[PDB]
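Peer 1: Sharing a structure here in structure tokens format.
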Amino acid sequence: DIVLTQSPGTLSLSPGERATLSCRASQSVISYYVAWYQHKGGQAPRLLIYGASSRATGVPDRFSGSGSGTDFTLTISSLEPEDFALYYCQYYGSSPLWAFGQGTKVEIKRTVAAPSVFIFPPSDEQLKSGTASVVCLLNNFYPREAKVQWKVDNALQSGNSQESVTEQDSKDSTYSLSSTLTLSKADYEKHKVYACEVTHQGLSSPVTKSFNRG
Amino acid sequence: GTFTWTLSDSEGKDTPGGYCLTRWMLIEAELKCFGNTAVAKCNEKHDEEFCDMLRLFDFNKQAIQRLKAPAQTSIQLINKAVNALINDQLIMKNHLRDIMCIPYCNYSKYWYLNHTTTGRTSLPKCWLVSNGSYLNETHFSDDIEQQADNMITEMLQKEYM
Amino acid sequence: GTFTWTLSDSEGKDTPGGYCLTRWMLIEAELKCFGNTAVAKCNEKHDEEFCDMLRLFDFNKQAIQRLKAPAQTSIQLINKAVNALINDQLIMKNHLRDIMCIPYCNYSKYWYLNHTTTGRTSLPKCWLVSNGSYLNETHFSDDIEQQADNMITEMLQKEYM
Amino acid sequence: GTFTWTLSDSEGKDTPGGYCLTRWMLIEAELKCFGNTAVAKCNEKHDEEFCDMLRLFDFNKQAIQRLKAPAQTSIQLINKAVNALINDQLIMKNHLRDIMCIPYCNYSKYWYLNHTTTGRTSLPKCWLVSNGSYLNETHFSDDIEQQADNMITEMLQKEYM
Amino acid sequence: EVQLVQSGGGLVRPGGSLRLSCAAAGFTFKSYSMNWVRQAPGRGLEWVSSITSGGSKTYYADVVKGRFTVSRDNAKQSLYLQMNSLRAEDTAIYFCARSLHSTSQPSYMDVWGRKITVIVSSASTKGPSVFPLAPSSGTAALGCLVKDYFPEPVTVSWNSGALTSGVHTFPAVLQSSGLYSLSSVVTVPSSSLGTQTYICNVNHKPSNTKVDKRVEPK
Amino acid sequence: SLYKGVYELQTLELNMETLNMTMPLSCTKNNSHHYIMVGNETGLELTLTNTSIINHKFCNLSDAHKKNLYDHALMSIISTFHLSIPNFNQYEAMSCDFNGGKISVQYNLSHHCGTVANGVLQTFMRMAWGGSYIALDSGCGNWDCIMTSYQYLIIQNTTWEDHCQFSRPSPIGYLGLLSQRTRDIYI
Amino acid sequence: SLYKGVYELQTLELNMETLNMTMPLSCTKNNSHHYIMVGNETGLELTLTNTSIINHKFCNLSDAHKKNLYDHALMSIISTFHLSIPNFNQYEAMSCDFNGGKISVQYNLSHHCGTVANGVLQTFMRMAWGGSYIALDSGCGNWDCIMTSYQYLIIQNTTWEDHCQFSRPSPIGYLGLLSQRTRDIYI
Ligand SMILES: *[C@@H]1O[C@H](CO)[C@@H](O[C@@H]2O[C@H](CO)[C@@H](O[C@@H]3O[C@H](CO)[C@@H](O)[C@H](O[C@H]4O[C@H](CO)[C@@H](O)[C@H](O)[C@@H]4O)[C@@H]3O)[C@H](O)[C@H]2NC(C)=O)[C@H](O)[C@H]1NC(C)=O
Ligand SMILES: *[C@@H]1O[C@H](CO)[C@@H](O[C@@H]2O[C@H](CO)[C@@H](O[C@@H]3O[C@H](CO)[C@@H](O)[C@H](O[C@H]4O[C@H](CO)[C@@H](O)[C@H](O)[C@@H]4O)[C@@H]3O)[C@H](O)[C@H]2NC(C)=O)[C@H](O)[C@H]1NC(C)=O
Ligand SMILES: *[C@@H]1O[C@H](CO)[C@@H](O[C@@H]2O[C@H](CO)[C@@H](O[C@@H]3O[C@H](CO)[C@@H](O)[C@H](O[C@H]4O[C@H](CO)[C@@H](O)[C@H](O)[C@@H]4O)[C@@H]3O)[C@H](O)[C@H]2NC(C)=O)[C@H](O)[C@H]1NC(C)=O
Ligand SMILES: *[C@@H]1O[C@H](CO)[C@@H](O[C@@H]2O[C@H](CO)[C@@H](O[C@@H]3O[C@H](CO)[C@@H](O)[C@H](O[C@H]4O[C@H](CO)[C@@H](O)[C@H](O)[C@@H]4O)[C@@H]3O)[C@H](O)[C@H]2NC(C)=O)[C@H](O)[C@H]1NC(C)=O
Ligand SMILES: *[C@@H]1O[C@H](CO)[C@@H](O[C@@H]2O[C@H](CO)[C@@H](O[C@@H]3O[C@H](CO)[C@@H](O)[C@H](O[C@H]4O[C@H](CO)[C@@H](O)[C@H](O)[C@@H]4O)[C@@H]3O)[C@H](O)[C@H]2NC(C)=O)[C@H](O)[C@H]1NC(C)=O
Ligand SMILES: *[C@@H]1O[C@H](CO[C@@H]2O[C@@H](C)[C@@H](O)[C@@H](O)[C@@H]2O)[C@@H](O[C@@H]2O[C@H](CO)[C@@H](O[C@@H]3O[C@H](CO)[C@@H](O)[C@H](O)[C@@H]3O)[C@H](O)[C@H]2NC(C)=O)[C@H](O)[C@H]1NC(C)=O
Ligand SMILES: *[C@@H]1O[C@H](CO)[C@@H](O[C@@H]2O[C@H](CO)[C@@H](O[C@@H]3O[C@H](CO)[C@@H](O)[C@H](O)[C@@H]3O)[C@H](O)[C@H]2NC(C)=O)[C@H](O)[C@H]1NC(C)=O
Ligand SMILES: *[C@@H]1O[C@H](CO)[C@@H](O[C@@H]2O[C@H](CO)[C@@H](O[C@@H]3O[C@H](CO)[C@@H](O)[C@H](O)[C@@H]3O)[C@H](O)[C@H]2NC(C)=O)[C@H](O)[C@H]1NC(C)=O
Ligand SMILES: *[C@@H]1O[C@H](CO)[C@@H](O[C@@H]2O[C@H](CO)[C@@H](O[C@@H]3O[C@H](CO)[C@@H](O)[C@H](O)[C@@H]3O)[C@H](O)[C@H]2NC(C)=O)[C@H](O)[C@H]1NC(C)=O
Ligand SMILES: *[C@@H]1O[C@H](CO)[C@@H](O[C@@H]2O[C@H](CO)[C@@H](O)[C@H](O)[C@H]2NC(C)=O)[C@H](O)[C@H]1NC(C)=O
Ligand SMILES: *[C@@H]1O[C@H](CO)[C@@H](O[C@@H]2O[C@H](CO)[C@@H](O)[C@H](O)[C@H]2NC(C)=O)[C@H](O)[C@H]1NC(C)=O
Ligand SMILES: *[C@@H]1O[C@H](CO)[C@@H](O[C@@H]2O[C@H](CO)[C@@H](O)[C@H](O)[C@H]2NC(C)=O)[C@H](O)[C@H]1NC(C)=O
Ligand SMILES: *[C@@H]1O[C@H](CO)[C@@H](O[C@@H]2O[C@H](CO)[C@@H](O)[C@H](O)[C@H]2NC(C)=O)[C@H](O)[C@H]1NC(C)=O
Ligand SMILES: *[C@@H]1O[C@H](CO)[C@@H](O[C@@H]2O[C@H](CO)[C@@H](O)[C@H](O)[C@H]2NC(C)=O)[C@H](O)[C@H]1NC(C)=O
Ligand SMILES: *[C@@H]1O[C@H](CO)[C@@H](O[C@@H]2O[C@H](CO)[C@@H](O)[C@H](O)[C@H]2NC(C)=O)[C@H](O)[C@H]1NC(C)=O
Ligand SMILES: *[C@@H]1O[C@H](CO)[C@@H](O[C@@H]2O[C@H](CO)[C@@H](O)[C@H](O)[C@H]2NC(C)=O)[C@H](O)[C@H]1NC(C)=O
Ligand SMILES: *[C@@H]1O[C@H](CO)[C@@H](O)[C@H](O)[C@H]1NC(C)=O
Ligand SMILES: *[C@@H]1O[C@H](CO)[C@@H](O)[C@H](O)[C@H]1NC(C)=O
């Protein structure tokens with residue numbers, strides 16, 4: 001089956017810069033069947049480039065199509081706030097009939113920001129049910145690449161927590177994360193000290209926020 | 001100019017008109033015939049690659065037959081009949097298609113619909129190619145649909161006649 | 001290219017369109033006219049020898065009329081208009097027919113059907129010739145039948161209109 | 001030869017087929033589109049000046065798009081595609097018309113009918129000119145009538161279909 | 001105007017079927033080919049199935065082969081997609097788009113219909129449980145926890161919708177039990193704690209649940 | 001005001017200027033000056049004046065081809081003109097100059113009907129199709145007996161400006177002589 | 001599997017080899033070797049190699065015509081090639097040799113865009129239409145800026161063998177350049 005490789009998977013720029021989105025195919029495909037799309041999470045995807053080079057109606061002149069053989073490129077001359085979204089390349093004719101790329105993410109490049117870490121103990125109203133939840137808030141940081149580790153009595157726990165990342169803000173252009181550590185009320189009383197270890201690129205040393213039960 | 005070669009392979013057939021391709025005109029295939037209802041579009045349409053080959057083969061068939069062989073395979077004849085046999089811009093169009101990375105016709109493979117019972121055949125349209133590889137069948141499925149629907153509309157008119 | 005000369009002899013006629021041949025355009029014959037229903041096939045069909053002569057005579061009629069006579073019968077004009085008046089491959093086809101001992105059209109004699117009462121005329125098709133002798137009337141009787149039947153089908157449509 | 005360029009501007013339209021003219025292709029005018037019912041006559045008729053310009057603009061659109069720009073605007077390409085894009089005798093006809101003081105087409109101004117409510121458009125026929133002045137609207141009013149009546153007959157067939 | 005009218009979303013248990021529809025608006029439907037396209041949660045774009053104009057040839061992706069049945073009614077100008085024997089991974093948003101594969105023009109999907117929410121899960125409809133998240137001692141952060149609810153979505157506001165600055169309603173995640181859960185937090189000044197009352201206004205449109213939890217520091 | 005009470009007469013005028021990158025465009029400024037534009041920065045100047053620009057009667061084309069310094073695009077359209085000229089037997093009127101790629105060809109028109117000046121003027125009317133009748137008297141009157149008051153036809157290269165004053169640009173001119181090429185020429 | 005439930009998709013591939021007696025057939029063997037077959041015992045060999053076969057820079061065509069020893073059929077297709085080549089002003093790359101009818105023409109391609117090597121390569125792609133993209137890089141990418149890694153184009157006569165390895169024979173090639181003949185050539 002044909003494999004569409006979109007590079008890079010994450011892209012950081014600013015309005016007015018040149019975006020060079022690539023798309024690699026496993027087989028020497030036909031240029032005439034390559035197409036590019038812009039996907040906004042709120043609505044349906046929009047066709048930008050069809051036939052590798054042709055621009056669809058309503059697509060601004062800044063978008064451009066290029067490529068031949070196995071290397072195809074979508075290039076935006078100068079960026080705009082509306083252009084910051086996801087982009088997909090496609091090819092029709094091989095297996096599967098409609099091949100789709102991975103997903104090139106276009107985000108605004110904010111100056112590096114440090115996450116404001118907060119830890120939340122499980123509420124007593126929740127422990128009455130029979131299950132505890134430990135929330136570790138990471139607020140307003142850049143970039144999105146951040147790692148959260150859970151240490152229970154200075155002992156790491158893996159797989160028992162769930163992360164959640166918000167989208168880049170409209171004004172400050174930062175991200176936020178909320179890793180929720182879920183444990184049983186019987187096992188939450190089995191321990192005493194709980195902490196989440198935050199490691200970010202904009203951190204000189206890994207910050208750890210903790211709390212003692214009771 | 002405009003092509004003017006008229007082919008005639010009506011001898012010993014159910015209806016006058018129509019052309020047949022001998023098993024020596026097709027690679028790894030037996031002989032195939034096409035009805036007069038189909039070849040009639042060759043006298044009208046100025047843009048069918050398969051019609052230009054029919055006039056080219058019917059010329060090759062008649063030239064070898066009705067003219068004594070030259071001493072050393074003279075090319076003087078075909079150079080003066082080329083404009084009356086094919087279309088010089090139909091091949092020039094496929095050049096530009098190939099030049100613009102668009103699937104073109106290299107005049108080798110042709111496809112056509114053929115009914116499973118009544119045996120009615122369509123006019124063979126050219127199978128396109130780009131970077132030396134034929135298009136998959138799914139690349140132009142809607143073209144077959146438009147061509148398969150033309151069969152139904154053309155079938156309707158005979159009963160209406 | 002493709003011929004583009006459009007003739008107009010509609011003045012003082014029952015219907016617009018149609019062309020007439022003066023008694024000086026025909027040898028040992030008076031003037032003959034043909035309806036707009038017939039000459040309309042000259043703008044479409046790319047293979048009628050009689051239509052190429054109509055455009056050639058209507059050019060000769062207009063060139064002598066609308067251009068002051070040259071000093072010594074200049075040929076510069078007709079050489080540049082020949083491709084827009086006739087079909088260079090229609091004459092080339094008749095060469096190959098003559099070359100292959102096949103009855104060809106030497107552009108002199110033409111035949112046509114003409115109703116005995118209503119006076120409807122067909123488009124004059126060319127009378128063929130081989131080894132310098134015209135074909136007898138019986139050589140292409142089935143061609144007249146196909147042409148005489150076209151008259152009935154064309155007659156039917158007017159009432160259907 | 002015979003022109004063979006096929007244009008395709010069907011993306012994002014109600015029906016496949018048809019061509020649109022951008023506001024940069026027209027002087028002092030916004031963009032105008034024409035239905036597939038109209039542009040279909042461009043693949044058939046060998047005598048429409050507006051169809052030759054459509055193939056010329058669709059070539060200019062595709063040539064700039066699908067071929068990297070030459071070093072100093074090379075003319076080698078258009079010289080070999082001219083016979084497959086336009087008709088060399090259609091322009092030669094307008095020469096002879098201008099030469100014979102007959103109103104000719106200088107390929108600039110075109111007229112067309114456009115319904116006041118349903119928005120159906122005809123194929124733009126060329127606005128003629130003689131001694132450097134366009135014909136008044138009344139010079140060819142009967143041509144519009146024959147063209148406006150064709151709209152009614154073409155409208156009737158869709159309901160009959 | 002050229003549009004595609006989508007419809008057919010819903011929730012089903014794994015094993016049940018679901019029909020997707022898509023009507024044609026303002027274009028010759030029988031002239032174009034129809035395709036189905038889905039997007040799994042937090043995943044890339046995927047191709048489901050395709051049926052040519054005139055419905056002569058049908059194609060499917062190896063995943064939904066057998067479970068899915070694409071059909072079209074060129075008389076009604078409508079596209080359909082039956083999803084017999086659905087599974088867990090089939091939950092996604094689905095789209096119907098038209099295409100034309102011909103010699104004349106390249107491959108593209110220009111006209112698209114809006115999203116179609118399909119959720120295939122064995123869990124049942126349950127209201128949310130709102131647990132507070134308060135801090136303890138110049139700005140602090142407090143929030144709510146919307147845990148164990150089904151299905152999506154849930155809207156959360158703060159202080160009757162007046163408080164908007166610094167609010168972060170996090171995307172919901174699906175727990176191992178098959179129940180969604182999210183947290184809505186807001187950054188507030190430390191000087192207002194114990195003085196400005198903070199309440200989160202959670203509304204669960206499924207089951208019509210309206211919970212107002214008071215978040216106060218411990 | 002409306003045809004058949006339901007239809008409107010609407011018009012459109014093509015903007016030929018956008019075809020400059022693909023094909024040359026022909027337009028005339030006034031009676032004397034006529035232009036062919038090849039691109040957006042290069043052009044050719046056809047002019048009709050009583051003043052001679054080349055006194056010598058030579059045409060070293062072979063040398064110009066060796067020292068390839070001209071633009072091939074402009075050499076194509078100047079070769080198309082001379083090849084389109086029929087009945088060219090008086091090579092004394094052929095005066096050319098290509099010093100360092102600066103192309104310039106002159107035709108001696110001062111020499112009755114069917115002269116060597118006739119075929120040159122006929123080719124000129126087709127070359128600048130849009131508005132060439134201004135250079136001749138009763139242009140539609142004749143075809144073979146074509147004559148002007150001027151005595152020299154000078155074709156020099158020039159830079160691109162908005163010279164299209166009397167007529168708009170048009171490729172209809174140049175595209176017509178491509179078929180007349182190497183025809184009616186004697187051995 | 002069947003279209004409209006009543007129709008079948010069937011195909012046919014034409015055997016171009018049978019047209020050999022009437023028209024020439026063009027086919028390519030590999031990257032370097034390309035062929036035009038005229039008959040069943042005579043052919044022509046187009047090859048692209050970095051090795052030169054003609055050191056001298058002459059082309060005695062007039063002598064070759066006097067001592068008529070070549071095949072007129074092969075002289076027609078070699079004249080068709082050079083006449084189809086546009087913008088041929090560098091006659092230094094033109095090196096020919098016709099000793100006793102043994103025909104052989106060489107083009108010096110080692111010399112940027114629009115060079116004398118461009119028009120020769122363009123004519124070559126049309127001559128061996130079936131499978132000429134293998135000799136160039138990104139053949140569909142360009143038309144005017146056409147270039148290869150090799151430095152010489154040698155066209156020698158050869159005997160007939162089953163050289164059609166990469167592509168099948170086809171007259172579509174040769175029949176296309178018959179209209180481009182004597183066009184875009186300068187005086
Ligand atoms: C139009 O385009 C198509 C696709 O690009 C093109 O088709 C291909 O033609 C070649 C040439 O015939 C085929 O290659 C063959 O491969 C088989 C299997 O390996 C070989 O055995 C064949 O060899 C024969 O010829 C040799 C030399 O003459 C002999 O020594 C040998 O014994 C064989 O007889 C041959 O190399 C290829 O398979 C097809 N591809 C497809 C997909 O069909 C076609 O040729 C183009 N048309 C024209 C007119 O060029
Ligand atoms: C197309 O083919 C047909 C048949 O091959 C061909 O027709 C023939 O044309 C010749 C030439 O006109 C005819 O011959 C005539 O015979 C009569 C009777 O003998 C003569 O009187 C004619 O002579 C005239 O011309 C002489 C010299 O100009 C004069 O001195 C004399 O006084 C006459 O005016 C002439 O020789 C012949 O009869 C026909 N045959 C038939 C069957 O009609 C026709 O010419 C071909 N078309 C073209 C354009 O060549
Ligand atoms: C087909 O025939 C028609 C009619 O013969 C012909 O139309 C005419 O074209 C000329 C040239 O564009 C028009 O003249 C204009 O007049 C206005 C008003 O005076 C001027 O402002 C225009 O000047 C422009 O160009 C100058 C030099 O480039 C600039 O300096 C200036 O600022 C302007 O931009 C121009 O001279 C004339 O009005 C029309 N006539 C009609 C009735 O429309 C048409 O050109 C012919 N087609 C072709 C392809 O030649
Ligand atoms: C020779 O041909 C070439 C190509 O055919 C042609 O180039 C094109 O010129 C036009 C007009 O100069 C360019 O169009 C512009 O495109 C930009 C975006 O790319 C638009 O923003 C522009 O719009 C503004 O200007 C318009 C007036 O022109 C206003 O009406 C409008 O409201 C905007 O304010 C404008 O449309 C086009 O981009 C180029 N082509 C390319 C590939 O760049 C060239 O002009 C021709 N030569 C000559 C002398 O005309
Ligand atoms: C160049 O073109 C010429 C003419 O277009 C072409 O000549 C023809 O070649 C074919 C095949 O070699 C000949 O056909 C044979 O005809 C005899 C009877 O005359 C038959 O018996 C033969 O049949 C046997 O062989 C077949 C395989 O070819 C088997 O399939 C069959 O079952 C039989 O066993 C065979 O059909 C044909 O006769 C000549 N033409 C003439 C006028 O003789 C020539 O081959 C072309 N050049 C090349 C290199 O192909
Ligand atoms: C055209 O279509 C072919 C596939 O052929 C089709 O197969 C069915 C889906 C039906 O529709 C048939 O009617 C039709 O013939 C495409 O070819 C395929 O190429 C890919 C990549 O080159 C192959 O994938 C590989 O598979 C092997 C194992 O077989 C793996 O090891 C590789 O890692 C890779 O995944 C694929 O197998 C192959 N398909 C076949 C049937 O061979 C072709 O790409 C497509 N387009 C063109 C221009 O030909
Ligand atoms: C379209 O399809 C039909 C069938 O689906 C094709 O018809 C079959 O064609 C073959 C070969 O042309 C015929 O075979 C011959 O049979 C006769 C005896 O009848 C035998 O003497 C011959 O030697 C040969 O074997 C077959 O009879 C025929 N079948 C029918 C029912 O007509 C048809 O050829 C296809 N059309 C095209 C253009 O391929
Ligand atoms: C088809 O056949 C009919 C009759 O079978 C031909 O009609 C007749 O044609 C002649 C000559 O064109 C007409 O003669 C003329 O009569 C008028 C008076 O009406 C006279 O003034 C003229 O000087 C001339 O003598 C004759 O009237 C006419 N008869 C009828 C009934 O129309 C017709 O010409 C044939 N068509 C062709 C194309 O030959
Ligand atoms: C034939 O006549 C009709 C009306 O008599 C023309 O239709 C009108 O055309 C204009 C311009 O093409 C349309 O304007 C546009 O409106 C949209 C919003 O609908 C706007 O977004 C665009 O920017 C533009 O302003 C107008 O809507 C349209 N009216 C109708 C009822 O369709 C038609 O263009 C004429 N045909 C031709 C070939 O000129
Ligand atoms: C046509 O227009 C051109 C350009 O405006 C005129 O040429 C100019 O003539 C004057 C007077 O001889 C010179 O001073 C300028 O240098 C010329 N300019 C150019 C660009 O050549 C020309 O005279 C006009 N011809 C007519 C008949 O009006
Ligand atoms: C064109 O080139 C030729 C060849 O170089 C020039 O001919 C020379 O003419 C002068 C004067 O008549 C002689 O003294 C030389 O002997 C000639 N050279 C040769 C090699 O024969 C000719 O003058 C050039 N013409 C122009 C206009 O430049
Ligand atoms: C015709 O083309 C030549 C060559 O491109 C132009 O010559 C240039 O002229 C300018 C001004 O005289 C000089 O600054 C350049 O150095 C010249 N270039 C070369 C290569 O010689 C000439 O100007 C053009 N003709 C016109 C009227 O502009
Ligand atoms: C293309 O095929 C030809 C013929 O098979 C190859 O030519 C041969 O090259 C070898 C090695 O130089 C010589 O020994 C033979 O004498 C050559 N034969 C002929 C008939 O010329 C050629 O090398 C191949 N080219 C490529 C790139 O594979
Ligand atoms: C190429 O085709 C010709 C014509 O079919 C073959 O010619 C024959 O040659 C033999 C031996 O010289 C003669 O006995 C025959 O009389 C010739 N045929 C005719 C019709 O005159 C030739 O042999 C073929 N060559 C190859 C290599 O197949
Ligand atoms: C082509 O033919 C000419 C004419 O026979 C050859 O020219 C001769 O060249 C030699 C060496 O330069 C001179 O000594 C002779 O005087 C020349 N002969 C004449 C009649 O001028 C030329 O060498 C031939 N070229 C080739 C490649 O064979
Ligand atoms: C090109 O054609 C010539 C002439 O037909 C061929 O020359 C023959 O070569 C063979 C072998 O070297 C000799 O036995 C013959 O006597 C030659 N004939 C003549 C008339 O000179 C030459 O072989 C052909 N080229 C190739 C590659 O075969
Ligand atoms: C065109 O009109 C002008 C205006 O008087 C006139 O001088 C000229 O002779 C006319 N030319 C033709 C060919 O009618
Ligand atoms: C054709 O495919 C080959 C295979 O990789 C590639 O190298 C070449 O660049 C392609 N050519 C074109 C014109 O797409």
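Starting from 1 in every chain, residues are counted up; chains themselves are A, B, ... following the order of the structure tokens, and ligands are numbered from 1 as listed.
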Could you list, as JSON, numbers by chain, all the residues within 12 Å of ligand 17, counting only C-alpha atoms and all ligand atoms?

Peer 2: {"C": [66, 67], "D": [97, 98, 99, 100, 101, 102, 103, 129, 130, 131, 132, 133], "F": [131, 132, 133, 134, 135, 136, 137, 138, 139, 140, 141, 142, 143]}

Peer 1: What's around residue 52 (chain F) at 12 Å? Count only C-alpha atoms, leave out sequence neighbours fewer than 6 positions away in its own chain, and write the answer as a list in words.

Peer 2: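 Result of the neighbour search: residues 93, 95, 104, 105, 106, 107, 108, 109, 110, 150, 151, 152, 153, 154 and 155 of chain F.
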
Peer 1: Which residues sit within 10 Å of ligand 12, counting only C-alpha atoms and all ligand atoms, listed as a list in words?

Peer 2: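 Sorted by chain and then by number, the residues are residues 42, 43, 44, 45, 69, 70, 71, 98, 99, 100, 101, 102, 103, 104, 156, 157, 158, 159 and 160 of chain F.
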
Peer 1: Which residues are near ligand 6 in this structure, taking near to mean any atom at most 6 Å from a ligand atom and counting only C-alpha atoms and all ligand atoms? Format them as a list in words.

Peer 2: residues 1, 2, 27, 29, 93, 94 and 95 of chain A; 135 and 136 of chain B

Peer 1: Which chains and residue numbers are within 10 Å of ligand 1, counting only C-alpha atoms and all ligand atoms, if I want them as a ChimeraX atom specification?

Peer 2: /B:104-109,127-135 /G:13-17,25-30,128-132,161-173

Peer 1: Which of region 89-150 of chain G end up as strand (DSSP E) when DSSP is run on this backbone - answer as an mmCIF file with N, CA, C and O atoms, in the first residue's frame?

Peer 2:
data_model
loop_
_atom_site.group_PDB
_atom_site.id
_atom_site.type_symbol
_atom_site.label_atom_id
_atom_site.label_comp_id
_atom_site.auth_asym_id
_atom_site.auth_seq_id
_atom_site.Cartn_x
_atom_site.Cartn_y
_atom_site.Cartn_z
ATOM 1 N N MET G 94 27.570 20.880 -36.073
ATOM 2 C CA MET G 94 27.133 20.044 -37.183
ATOM 3 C C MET G 94 28.347 19.348 -37.789
ATOM 4 O O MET G 94 29.153 19.976 -38.482
ATOM 5 N N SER G 95 28.478 18.049 -37.525
ATOM 6 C CA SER G 95 29.559 17.236 -38.068
ATOM 7 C C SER G 95 28.947 16.015 -38.735
ATOM 8 O O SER G 95 28.207 15.262 -38.094
ATOM 9 N N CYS G 96 29.253 15.821 -40.016
ATOM 10 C CA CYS G 96 28.633 14.777 -40.815
ATOM 11 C C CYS G 96 29.703 13.960 -41.526
ATOM 12 O O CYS G 96 30.842 14.402 -41.698
ATOM 13 N N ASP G 97 29.317 12.756 -41.943
ATOM 14 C CA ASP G 97 30.231 11.853 -42.635
ATOM 15 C C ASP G 97 29.405 10.882 -43.461
ATOM 16 O O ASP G 97 28.573 10.155 -42.909
ATOM 17 N N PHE G 98 29.629 10.868 -44.774
ATOM 18 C CA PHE G 98 28.889 9.999 -45.683
ATOM 19 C C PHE G 98 29.856 9.337 -46.667
ATOM 20 O O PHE G 98 29.804 9.549 -47.873
ATOM 21 N N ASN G 99 30.756 8.505 -46.147
ATOM 22 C CA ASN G 99 31.747 7.828 -46.980
ATOM 23 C C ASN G 99 31.099 6.618 -47.642
ATOM 24 O O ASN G 99 30.799 5.624 -46.973
ATOM 25 N N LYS G 102 27.596 5.226 -46.369
ATOM 26 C CA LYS G 102 27.498 4.957 -44.936
ATOM 27 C C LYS G 102 27.203 6.268 -44.220
ATOM 28 O O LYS G 102 28.101 7.077 -43.978
ATOM 29 N N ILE G 103 25.936 6.484 -43.881
ATOM 30 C CA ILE G 103 25.495 7.757 -43.326
ATOM 31 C C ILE G 103 25.767 7.792 -41.828
ATOM 32 O O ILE G 103 25.628 6.784 -41.125
ATOM 33 N N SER G 104 26.162 8.966 -41.338
ATOM 34 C CA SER G 104 26.466 9.163 -39.926
ATOM 35 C C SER G 104 26.562 10.651 -39.615
ATOM 36 O O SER G 104 27.416 11.350 -40.168
ATOM 37 N N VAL G 105 25.692 11.142 -38.736
ATOM 38 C CA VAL G 105 25.643 12.552 -38.371
ATOM 39 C C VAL G 105 25.838 12.674 -36.866
ATOM 40 O O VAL G 105 25.261 11.903 -36.092
ATOM 41 N N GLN G 106 26.652 13.643 -36.456
ATOM 42 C CA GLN G 106 26.958 13.880 -35.053
ATOM 43 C C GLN G 106 26.620 15.318 -34.681
ATOM 44 O O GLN G 106 26.844 16.243 -35.468
ATOM 45 N N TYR G 107 26.079 15.496 -33.476
ATOM 46 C CA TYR G 107 25.738 16.806 -32.935
ATOM 47 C C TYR G 107 26.520 17.024 -31.648
ATOM 48 O O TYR G 107 26.406 16.230 -30.708
ATOM 49 N N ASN G 108 27.308 18.097 -31.605
ATOM 50 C CA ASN G 108 28.070 18.441 -30.408
ATOM 51 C C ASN G 108 27.136 19.130 -29.420
ATOM 52 O O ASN G 108 26.762 20.292 -29.613
#

Peer 1: Throw together the list of residues within 9 Å of ligand 9, counting only C-alpha atoms and all ligand atoms, and drop it here as a PyMOL selection string.

Peer 2: (chain D and resi 20+30-35+112-122) or (chain F and resi 8+10-12)
